[PDB]
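target.txt follows (compact mmCIF, C-alpha atoms and all ligand atoms):
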# COMPACT_ATOMS: atom_id res chain seq x y z
CA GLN S 22 154.94 119.90 78.86
CA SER S 23 152.90 121.47 76.04
CA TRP S 24 154.36 125.00 76.29
CA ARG S 25 157.76 123.69 75.17
CA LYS S 26 156.11 122.04 72.17
CA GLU S 27 154.42 125.33 71.22
CA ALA S 28 157.58 127.33 71.94
CA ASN S 29 159.60 125.17 69.53
CA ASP S 30 157.18 125.56 66.60
CA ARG S 31 157.37 129.31 67.23
CA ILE S 32 161.18 129.05 67.33
CA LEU S 33 161.49 127.31 63.95
CA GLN S 34 158.83 129.54 62.36
CA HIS S 35 160.20 132.96 63.41
CA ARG S 36 163.91 132.30 64.07
CA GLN S 37 164.67 130.47 60.81
CA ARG S 38 164.75 131.26 57.09
CA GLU S 39 165.24 128.72 54.27
CA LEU S 40 168.56 128.68 52.39
CA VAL S 41 170.59 128.16 49.18
CA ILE S 42 169.98 131.19 46.96
CA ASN S 43 172.33 133.16 44.67
CA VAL S 44 173.92 136.62 44.49
CA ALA S 53 173.98 122.86 43.54
CA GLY S 54 171.63 120.30 45.24
CA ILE S 55 174.30 117.75 46.38
CA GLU S 56 177.33 118.18 48.81
CA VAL S 57 177.74 121.32 51.06
CA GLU S 58 178.60 122.43 54.63
CA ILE S 59 176.31 124.92 56.46
CA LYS S 60 177.99 126.31 59.59
CA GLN S 61 176.70 129.29 61.61
CA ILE S 62 179.35 131.77 62.83
CA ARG S 63 177.26 134.71 64.12
CA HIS S 64 173.77 134.78 65.60
CA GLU S 65 171.29 137.51 64.78
CA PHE S 66 169.36 136.92 68.02
CA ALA S 67 171.02 138.45 71.07
CA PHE S 68 172.34 136.02 73.69
CA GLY S 69 174.04 138.68 75.71
CA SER S 70 175.25 139.33 79.17
CA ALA S 71 176.18 142.25 81.37
CA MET S 72 179.88 142.95 81.63
CA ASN S 73 181.63 144.38 84.68
CA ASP S 74 185.09 145.50 85.87
CA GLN S 75 186.38 141.92 85.90
CA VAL S 76 186.76 142.16 82.08
CA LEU S 77 189.60 144.60 82.77
CA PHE S 78 191.83 142.49 85.06
CA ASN S 79 190.54 138.89 84.76
CA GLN S 80 191.51 137.04 81.56
CA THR S 81 189.32 134.02 82.36
CA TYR S 82 186.17 136.14 82.83
CA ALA S 83 186.97 137.78 79.49
CA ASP S 84 187.71 134.52 77.67
CA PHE S 85 184.45 133.12 79.08
CA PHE S 86 182.46 136.18 78.13
CA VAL S 87 183.67 136.01 74.53
CA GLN S 88 182.86 132.32 74.13
CA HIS S 89 179.34 132.62 75.65
CA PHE S 90 177.86 135.99 74.68
CA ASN S 91 177.40 137.92 71.43
CA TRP S 92 175.94 141.08 73.04
CA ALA S 93 177.20 143.08 76.01
CA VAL S 94 176.05 145.82 78.35
CA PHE S 95 177.88 147.57 81.22
CA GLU S 96 176.76 146.80 84.76
CA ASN S 97 177.87 150.20 86.17
CA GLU S 98 180.50 151.83 84.00
CA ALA S 99 178.06 153.97 81.97
CA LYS S 100 175.70 154.89 84.82
CA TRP S 101 175.65 158.62 85.64
CA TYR S 102 177.18 158.25 89.12
CA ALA S 103 180.10 156.33 87.58
CA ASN S 104 180.59 158.88 84.79
CA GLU S 105 180.21 161.92 87.08
CA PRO S 106 181.11 160.91 90.65
CA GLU S 107 181.42 164.60 91.59
CA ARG S 108 179.65 167.42 89.79
CA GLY S 109 181.92 168.60 87.00
CA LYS S 110 184.47 165.80 87.40
CA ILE S 111 183.66 163.65 84.36
CA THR S 112 185.11 160.23 83.45
CA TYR S 113 184.48 157.59 80.74
CA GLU S 114 187.81 155.73 80.69
CA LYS S 115 186.55 152.38 82.03
CA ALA S 116 183.50 152.45 79.75
CA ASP S 117 185.77 153.27 76.78
CA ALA S 118 188.14 150.39 77.64
CA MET S 119 185.14 148.05 77.61
CA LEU S 120 183.80 149.53 74.35
CA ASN S 121 187.19 148.71 72.81
CA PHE S 122 187.18 145.16 74.20
CA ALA S 123 183.69 144.69 72.77
CA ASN S 124 184.63 146.12 69.38
CA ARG S 125 187.78 143.96 69.18
CA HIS S 126 185.46 140.93 69.40
CA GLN S 127 182.66 142.55 67.36
CA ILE S 128 180.21 142.37 70.29
CA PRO S 129 177.33 144.88 69.94
CA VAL S 130 176.84 146.81 73.19
CA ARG S 131 173.64 148.14 74.72
CA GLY S 132 174.13 151.58 76.21
CA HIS S 133 173.06 151.66 79.85
CA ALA S 134 172.07 154.16 80.95
CA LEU S 135 171.53 157.90 80.55
CA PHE S 136 169.05 158.36 83.34
CA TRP S 137 167.38 156.41 86.12
CA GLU S 138 164.13 157.61 87.61
CA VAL S 139 164.62 156.26 91.14
CA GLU S 140 166.52 158.57 93.46
CA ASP S 141 168.44 155.63 94.88
CA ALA S 142 170.13 155.22 91.48
CA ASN S 143 171.47 158.79 90.91
CA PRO S 144 174.63 160.65 92.08
CA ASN S 145 174.28 161.83 95.66
CA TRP S 146 175.42 165.35 94.74
CA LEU S 147 172.35 165.65 92.51
CA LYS S 148 170.04 164.98 95.47
CA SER S 149 170.70 168.26 97.34
CA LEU S 150 170.49 170.68 94.33
CA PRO S 151 167.51 172.93 93.47
CA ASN S 152 165.42 171.96 90.47
CA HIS S 153 166.90 174.33 87.88
CA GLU S 154 170.44 173.23 88.80
CA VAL S 155 169.32 169.61 88.64
CA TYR S 156 168.15 170.19 85.07
CA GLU S 157 171.45 171.89 84.27
CA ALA S 158 173.16 168.67 85.40
CA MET S 159 170.69 166.61 83.37
CA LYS S 160 171.44 168.73 80.30
CA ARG S 161 175.21 168.20 80.39
CA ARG S 162 174.80 164.48 81.19
CA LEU S 163 172.50 163.91 78.20
CA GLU S 164 174.57 166.17 76.01
CA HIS S 165 178.04 165.22 77.24
CA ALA S 166 177.42 161.45 77.40
CA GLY S 167 175.22 161.33 74.30
CA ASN S 168 177.99 162.99 72.31
CA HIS S 169 180.85 160.93 73.76
CA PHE S 170 179.12 157.59 72.98
CA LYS S 171 177.61 158.75 69.67
CA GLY S 172 177.73 155.77 67.36
CA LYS S 173 179.21 153.48 70.00
CA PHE S 174 176.07 151.74 71.41
CA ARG S 175 173.49 150.00 69.27
CA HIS S 176 170.90 150.88 71.94
CA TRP S 177 170.30 153.31 74.79
CA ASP S 178 168.41 152.65 77.98
CA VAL S 179 167.50 156.31 77.87
CA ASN S 180 165.57 156.24 81.13
CA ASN S 181 165.11 153.24 83.43
CA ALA S 182 162.34 152.35 85.87
CA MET S 183 160.04 155.31 85.28
CA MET S 184 157.27 153.08 86.62
CA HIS S 185 158.98 152.76 90.02
CA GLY S 186 160.73 156.11 90.57
CA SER S 187 159.89 159.78 90.51
CA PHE S 188 163.11 161.75 91.01
CA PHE S 189 162.94 163.58 87.68
CA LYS S 190 159.15 163.41 87.17
CA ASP S 191 158.60 165.07 90.58
CA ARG S 192 160.62 168.13 89.55
CA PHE S 193 159.70 168.51 85.87
CA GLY S 194 156.65 166.29 85.19
CA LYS S 195 156.31 163.72 82.41
CA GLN S 196 157.49 166.35 79.93
CA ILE S 197 161.09 165.71 81.07
CA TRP S 198 160.76 162.13 79.80
CA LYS S 199 159.89 163.42 76.34
CA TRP S 200 162.93 165.68 76.65
CA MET S 201 165.24 162.70 77.25
CA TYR S 202 164.08 160.69 74.21
CA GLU S 203 163.92 163.70 71.84
CA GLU S 204 167.34 165.09 72.72
CA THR S 205 168.97 161.66 72.59
CA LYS S 206 167.33 161.06 69.20
CA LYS S 207 168.80 164.40 68.05
CA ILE S 208 172.40 163.66 69.17
CA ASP S 209 172.60 159.96 68.23
CA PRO S 210 169.81 159.09 65.80
CA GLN S 211 171.05 155.63 64.87
CA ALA S 212 170.69 154.43 68.46
CA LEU S 213 167.60 152.44 69.44
CA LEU S 214 165.92 154.29 72.32
CA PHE S 215 164.70 151.88 74.99
CA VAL S 216 162.37 152.01 77.90
CA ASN S 217 163.57 149.60 80.59
CA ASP S 218 161.82 148.49 83.76
CA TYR S 219 161.41 145.62 86.22
CA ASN S 220 158.50 143.60 87.68
CA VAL S 221 156.80 143.40 84.28
CA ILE S 222 157.38 139.76 83.28
CA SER S 223 158.56 138.65 86.74
CA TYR S 224 155.69 140.34 88.56
CA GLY S 225 152.51 141.16 86.71
CA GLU S 226 152.93 144.91 86.03
CA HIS S 227 152.66 144.43 82.24
CA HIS S 228 149.32 146.23 81.85
CA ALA S 229 150.67 149.22 83.79
CA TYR S 230 153.82 149.08 81.66
CA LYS S 231 152.00 148.96 78.31
CA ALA S 232 149.93 151.97 79.39
CA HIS S 233 153.17 153.69 80.43
CA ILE S 234 154.78 153.15 76.99
CA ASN S 235 151.57 154.38 75.34
CA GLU S 236 151.58 157.49 77.54
CA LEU S 237 155.22 158.14 76.62
CA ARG S 238 154.69 157.93 72.86
CA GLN S 239 151.48 159.96 73.01
CA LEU S 240 153.27 162.92 74.64
CA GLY S 241 155.82 162.78 71.79
CA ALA S 242 158.60 160.71 73.36
CA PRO S 243 160.32 158.67 70.63
CA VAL S 244 160.57 155.41 72.51
CA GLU S 245 161.37 152.66 69.96
CA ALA S 246 162.09 149.48 71.93
CA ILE S 247 160.79 147.92 75.18
CA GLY S 248 163.23 146.57 77.73
CA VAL S 249 161.91 144.00 80.15
CA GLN S 250 164.60 143.40 82.75
CA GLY S 251 163.59 139.88 83.72
CA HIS S 252 164.69 139.74 87.37
CA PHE S 253 163.03 136.69 88.88
CA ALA S 254 162.97 135.27 92.38
CA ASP S 255 163.10 131.45 92.47
CA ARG S 256 160.62 130.34 89.79
CA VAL S 257 160.08 131.21 86.13
CA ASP S 258 156.67 130.19 84.74
CA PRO S 259 157.05 129.96 80.92
CA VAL S 260 153.36 130.49 80.19
CA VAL S 261 152.85 133.46 82.51
CA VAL S 262 155.92 135.02 80.91
CA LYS S 263 154.58 134.29 77.42
CA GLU S 264 151.16 135.82 78.18
CA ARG S 265 152.83 138.88 79.72
CA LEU S 266 155.06 139.34 76.67
CA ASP S 267 151.94 139.18 74.49
CA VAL S 268 150.46 142.17 76.36
CA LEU S 269 153.52 144.28 75.56
CA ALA S 270 153.71 142.88 72.03
CA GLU S 271 150.49 144.75 71.18
CA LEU S 272 152.49 147.99 70.81
CA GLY S 273 154.35 146.82 67.71
CA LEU S 274 157.68 147.63 69.23
CA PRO S 275 160.52 145.11 69.72
CA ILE S 276 160.89 143.47 73.13
CA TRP S 277 164.26 142.74 74.73
CA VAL S 278 164.90 140.80 77.93
CA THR S 279 167.61 143.13 79.13
CA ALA S 280 168.90 141.85 82.50
CA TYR S 281 167.83 138.25 83.15
CA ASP S 282 168.59 136.36 86.34
CA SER S 283 166.89 134.23 88.93
CA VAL S 284 168.14 133.04 92.32
CA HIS S 285 167.86 129.40 93.64
CA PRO S 286 170.43 127.40 95.66
CA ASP S 287 169.53 124.34 93.61
CA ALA S 288 171.45 124.77 90.35
CA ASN S 289 168.87 122.44 88.77
CA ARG S 290 165.98 124.79 89.52
CA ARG S 291 168.05 127.62 87.99
CA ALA S 292 168.90 125.66 84.90
CA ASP S 293 165.19 125.09 84.51
CA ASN S 294 164.48 128.75 85.23
CA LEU S 295 166.93 129.83 82.57
CA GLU S 296 165.42 127.46 80.02
CA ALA S 297 161.83 128.53 80.72
CA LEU S 298 162.68 132.17 80.07
CA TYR S 299 165.21 131.75 77.28
CA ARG S 300 163.16 129.24 75.25
CA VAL S 301 159.92 131.20 75.70
CA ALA S 302 161.50 134.55 74.81
CA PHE S 303 163.36 133.07 71.80
CA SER S 304 159.98 131.59 70.76
CA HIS S 305 158.16 134.92 71.11
CA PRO S 306 158.24 136.87 67.82
CA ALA S 307 158.26 140.36 69.43
CA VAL S 308 161.41 139.52 71.47
CA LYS S 309 164.67 140.24 69.63
CA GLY S 310 167.36 139.54 72.21
CA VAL S 311 167.97 138.26 75.73
CA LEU S 312 170.77 139.53 77.96
CA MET S 313 171.70 137.85 81.22
CA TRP S 314 172.68 140.31 84.00
CA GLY S 315 175.88 138.56 84.98
CA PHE S 316 177.09 134.97 84.97
CA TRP S 317 180.02 134.23 87.30
CA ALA S 318 179.57 133.34 90.94
CA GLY S 319 182.54 135.52 91.92
CA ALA S 320 180.95 138.63 90.30
CA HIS S 321 177.13 138.41 90.12
CA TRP S 322 175.15 141.24 91.70
CA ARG S 323 172.64 138.66 93.03
CA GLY S 324 175.38 136.45 94.51
CA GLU S 325 176.45 132.91 93.72
CA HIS S 326 172.87 131.55 93.64
CA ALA S 327 172.39 133.48 90.43
CA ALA S 328 175.47 132.18 88.60
CA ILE S 329 175.69 129.81 85.66
CA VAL S 330 179.43 129.17 86.23
CA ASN S 331 181.02 128.49 89.62
CA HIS S 332 183.62 130.45 91.59
CA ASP S 333 186.25 128.00 90.30
CA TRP S 334 185.09 128.49 86.62
CA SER S 335 183.45 125.06 86.37
CA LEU S 336 179.97 125.21 84.87
CA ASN S 337 177.12 124.43 87.17
CA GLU S 338 173.86 123.02 85.84
CA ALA S 339 172.47 126.38 84.69
CA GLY S 340 175.72 127.01 82.80
CA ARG S 341 175.61 123.71 80.95
CA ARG S 342 171.91 124.15 80.22
CA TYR S 343 172.70 127.59 78.76
CA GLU S 344 175.49 126.06 76.66
CA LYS S 345 173.23 123.18 75.55
CA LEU S 346 170.47 125.66 74.66
CA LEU S 347 172.86 127.59 72.42
CA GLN S 348 174.06 124.48 70.63
CA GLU S 349 170.49 123.38 70.05
CA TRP S 350 169.87 126.78 68.42
CA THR S 351 172.86 126.68 66.05
CA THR S 352 172.68 125.51 62.44
CA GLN S 353 175.64 123.27 61.71
CA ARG S 354 174.79 120.99 58.80
CA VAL S 355 176.48 119.13 55.96
CA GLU S 356 174.18 117.91 53.21
CA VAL S 364 170.38 121.87 49.15
CA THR S 365 167.39 122.92 51.32
CA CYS S 366 168.02 124.10 54.91
CA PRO S 367 166.10 125.78 57.76
CA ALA S 368 168.95 127.83 59.19
CA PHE S 369 168.76 130.35 62.05
CA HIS S 370 169.14 134.08 61.25
CA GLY S 371 172.80 135.04 61.30
CA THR S 372 176.03 134.71 59.36
CA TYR S 373 176.97 131.35 57.81
CA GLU S 374 180.12 129.80 56.46
CA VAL S 375 179.45 127.49 53.52
CA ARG S 376 182.03 125.01 52.31
CA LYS S 382 182.40 131.74 51.21
CA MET S 383 181.07 133.77 54.18
CA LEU S 384 177.43 134.79 53.83
CA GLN S 385 174.68 136.60 55.75
CA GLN S 386 170.99 135.86 56.12
CA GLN S 387 169.06 138.56 58.01
CA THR S 388 165.48 138.78 59.34
CA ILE S 389 164.51 141.16 56.50
CA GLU S 390 162.40 138.86 54.29
CA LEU S 391 160.53 135.59 55.04
CA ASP S 392 162.50 134.37 51.90
CA CA V 1 182.80 152.23 86.75
CA CA V 2 160.50 142.31 84.52

Before anything else, please render the file you have as structure tokens.
Ligand SMILES: [Ca+2]
Ligand SMILES: [Ca+2]
Amino acid sequence: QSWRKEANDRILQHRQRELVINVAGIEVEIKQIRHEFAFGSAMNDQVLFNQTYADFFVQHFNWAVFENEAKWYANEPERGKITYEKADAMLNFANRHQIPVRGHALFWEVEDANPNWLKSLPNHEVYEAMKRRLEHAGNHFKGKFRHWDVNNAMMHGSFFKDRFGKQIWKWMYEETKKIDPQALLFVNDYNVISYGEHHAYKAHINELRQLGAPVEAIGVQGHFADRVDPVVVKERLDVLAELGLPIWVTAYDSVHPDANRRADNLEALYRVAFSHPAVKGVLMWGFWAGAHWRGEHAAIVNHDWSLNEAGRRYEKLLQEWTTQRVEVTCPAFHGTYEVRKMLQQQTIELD
């Protein structure tokens, strides 16, 4: 209806910059090779043994994140026994295909998400584990992740807050800033654009910055049930946008047996977020029916690697949002272009 009309004006205003400058007027080719906006997805173990999953990933996503392989339990399954070999293998795969990778995650506030050995230790020995995690993992992945989900779901857990108070949150963002300062420190949480916890969230981010925590970017996870209302999402994003920090839809999915409802769910979120000027990237939390943590009713591509309707919608969406043109005045999307020399055009200036 009318939200799509508004969303598209917003898209062409904020996602495009006019072209042909110098560092003419007749016969040129304007092809886009890289996209500044993030159309990412979560990667899992399949990328290590499944060539089709990998090939698909590389032809559908320009940003990655690890579904488990950089969570604390997976990096320290037993206290003192430390491993990063899977996560490193994936960091190499990503770097081979120049895919920027979100780092996920240093800490998780809900008890259900942390190593079981941590759950029986006294507080001081808990913090000792926290200290090596932050310092061992922060140093190992220094310069390897564009972002960190420093702590996740503080609004819905209390494992660390209950033993050290909100001052331990400040600790996590300060110490991570110290070890890897080029990394964008994220808050990440759920039920904020899917459910209506955006006012609570915005207050939470405020509270974090006001106690000195350097949080620099807001992650909204974007886990929906069976419907995605584009206007309720847009209003909710506006509430968070008041903080002047970038918004990222970090882990999108919805679940509906009807692939058509999904396809429409994916378009409501993706188009609205892309339209919203505070949003800077959208990552889907999985794609394949054979390896989606919400099961096959969350997939865009089928068990047998044939697209379903959400997959083709996603693909159609990305073609819509790509500047291929032969024509010397062009509204081109932010990214890298090939002109027939390779050439960038970033978000920096409004031209
Ligand atoms: Ca793993
Ligand atoms: Ca959410």

Checklist entry - What do you get as a ChimeraX atom specification if you pick all residues at most 6 Å from ligand CA 1 (chain V), counting all atoms listed in the file? => result /S:97-98,103

Checklist entry - What do you get as a list in words if you pick all residues at most 6 Å from ligand CA 2 (chain V), counting all atoms listed in the file? => result residues 219, 220, 221, 222, 223, 249, 250, 251 and 252 of chain S

Checklist entry - Which value, in Å to one decimal, gives the distance between CA of residue 184 (chain S) and CA of residue 282 (chain S)? => result 20.2 Å

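Counting only C-alpha atoms and comparing S:320, S:272, S:328, S:183, the residue that lies closest to residue 284 (chain S) is S:328.
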
Item to check | For CA of residue 323 (chain S) and CA of residue 143 (chain S), the interatomic separation in Å (one decimal) | outcome: 20.3 Å

Next on the checklist: If we count all atoms listed in the file and set the cut-off at 10 Å, which residues sit around region 56-61 of chain S, ignoring sequence neighbours fewer than 2 positions away in its own chain? Please answer as a PyMOL selection string.
Outcome noted: chain S and resi 40-41+53-54+63-64+350-356+364+366+368-376+383-385

Item to check | Sphere at (183.2, 140.8, 82.4), radius 12 Å, counting only C-alpha atoms: residues as an MDAnalysis selection string | outcome: chainID S and resid 69:90 92:98 116 118:120 122:123 313:321

Next on the checklist: Just to confirm, what's the straight-line distance from CA of residue 135 (chain S) to CA of residue 162 (chain S) in Å (one decimal)?
Outcome noted: 7.4 Å

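Residues lying within 8 Å of residue 367 (chain S), counting only C-alpha atoms and ignoring same-chain neighbours fewer than 4 positions away, are residues 33, 37, 38, 39 and 40 of chain S.
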
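Nearest to residue 309 (chain S) of all the residues S:241, S:277, S:246, S:337 is S:277, based on all atoms listed in the file.
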
Could the residues of region 259-321 of chain S that have an atom at most 12 Å from region 170-181 of chain S be listed as a Markdown table, each with its closest atom pair and the distance in Å to one decimal, counting only C-alpha atoms and ordered by chain and ascending residue number?
| residue | atom | partner | partner_atom | distance |
| --- | --- | --- | --- | --- |
| S:277 | CA | S:176 | CA | 10.9 |
| S:279 | CA | S:178 | CA | 9.6 |
| S:280 | CA | S:178 | CA | 11.7 |
| S:310 | CA | S:176 | CA | 11.9 |

Checklist entry - For residue 264 (chain S), which residue among S:340, S:167, S:225, S:243 is the nearest when counting only C-alpha atoms? => result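 Ranking S:340, S:167, S:225, S:243 by distance to residue 264 (chain S), first place goes to S:225.
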
Item to check | Among the residues S:242, S:278, S:42, S:298, the one that comes closest to residue 346 (chain S) [using all atoms listed in the file] | outcome: S:298

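Between residue 163 (chain S) and the candidates S:206, S:185, S:231, S:190, the tightest atom-to-atom separation, counting all atoms listed in the file, involves S:206.
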
Missing atoms of region 269-283 of chain S rebuilt to N, CA, C and O atoms, written as an mmCIF file, in the frame of the given file:
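Wrote rebuild-v4.cif, looks like this:
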data_model
loop_
_atom_site.group_PDB
_atom_site.id
_atom_site.type_symbol
_atom_site.label_atom_id
_atom_site.label_comp_id
_atom_site.auth_asym_id
_atom_site.auth_seq_id
_atom_site.Cartn_x
_atom_site.Cartn_y
_atom_site.Cartn_z
ATOM 1 N N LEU S 269 152.633 143.238 76.068
ATOM 2 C CA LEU S 269 153.520 144.280 75.560
ATOM 3 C C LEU S 269 153.638 144.224 74.050
ATOM 4 O O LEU S 269 153.817 145.262 73.404
ATOM 5 N N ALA S 270 153.530 143.031 73.467
ATOM 6 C CA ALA S 270 153.710 142.880 72.030
ATOM 7 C C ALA S 270 152.663 143.639 71.230
ATOM 8 O O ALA S 270 152.880 143.921 70.046
ATOM 9 N N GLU S 271 151.542 144.000 71.857
ATOM 10 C CA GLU S 271 150.490 144.750 71.180
ATOM 11 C C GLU S 271 150.953 146.112 70.669
ATOM 12 O O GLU S 271 150.308 146.681 69.780
ATOM 13 N N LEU S 272 152.048 146.655 71.205
ATOM 14 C CA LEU S 272 152.490 147.990 70.810
ATOM 15 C C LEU S 272 153.268 148.008 69.506
ATOM 16 O O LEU S 272 153.626 149.095 69.041
ATOM 17 N N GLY S 273 153.557 146.849 68.917
ATOM 18 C CA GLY S 273 154.350 146.820 67.710
ATOM 19 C C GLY S 273 155.758 147.327 67.872
ATOM 20 O O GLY S 273 156.365 147.787 66.905
ATOM 21 N N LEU S 274 156.283 147.292 69.076
ATOM 22 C CA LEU S 274 157.680 147.630 69.230
ATOM 23 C C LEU S 274 158.457 146.385 69.669
ATOM 24 O O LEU S 274 157.889 145.489 70.302
ATOM 25 N N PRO S 275 159.739 146.289 69.325
ATOM 26 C CA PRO S 275 160.520 145.110 69.720
ATOM 27 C C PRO S 275 160.716 144.999 71.232
ATOM 28 O O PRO S 275 160.896 145.993 71.939
ATOM 29 N N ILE S 276 160.680 143.766 71.725
ATOM 30 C CA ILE S 276 160.890 143.470 73.130
ATOM 31 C C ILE S 276 162.274 142.863 73.304
ATOM 32 O O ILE S 276 162.729 142.075 72.465
ATOM 33 N N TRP S 277 162.953 143.264 74.375
ATOM 34 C CA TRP S 277 164.260 142.740 74.730
ATOM 35 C C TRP S 277 164.250 142.392 76.204
ATOM 36 O O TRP S 277 163.796 143.195 77.030
ATOM 37 N N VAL S 278 164.716 141.190 76.534
ATOM 38 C CA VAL S 278 164.900 140.800 77.930
ATOM 39 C C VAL S 278 166.311 141.252 78.299
ATOM 40 O O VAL S 278 167.311 140.638 77.917
ATOM 41 N N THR S 279 166.381 142.361 79.024
ATOM 42 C CA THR S 279 167.610 143.130 79.130
ATOM 43 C C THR S 279 168.549 142.673 80.247
ATOM 44 O O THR S 279 169.754 142.912 80.141
ATOM 45 N N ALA S 280 168.060 142.036 81.314
ATOM 46 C CA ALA S 280 168.900 141.850 82.500
ATOM 47 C C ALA S 280 168.530 140.574 83.259
ATOM 48 O O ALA S 280 168.448 140.572 84.493
ATOM 49 N N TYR S 281 168.371 139.463 82.541
ATOM 50 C CA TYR S 281 167.830 138.250 83.150
ATOM 51 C C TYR S 281 168.696 137.730 84.298
ATOM 52 O O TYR S 281 169.929 137.737 84.235
ATOM 53 N N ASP S 282 168.030 137.268 85.350
ATOM 54 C CA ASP S 282 168.590 136.360 86.340
ATOM 55 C C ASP S 282 167.446 135.781 87.163
ATOM 56 O O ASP S 282 166.339 136.329 87.200
ATOM 57 N N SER S 283 167.714 134.653 87.808
ATOM 58 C CA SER S 283 166.890 134.230 88.930
ATOM 59 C C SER S 283 167.822 133.674 89.996
ATOM 60 O O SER S 283 168.983 133.371 89.720
#
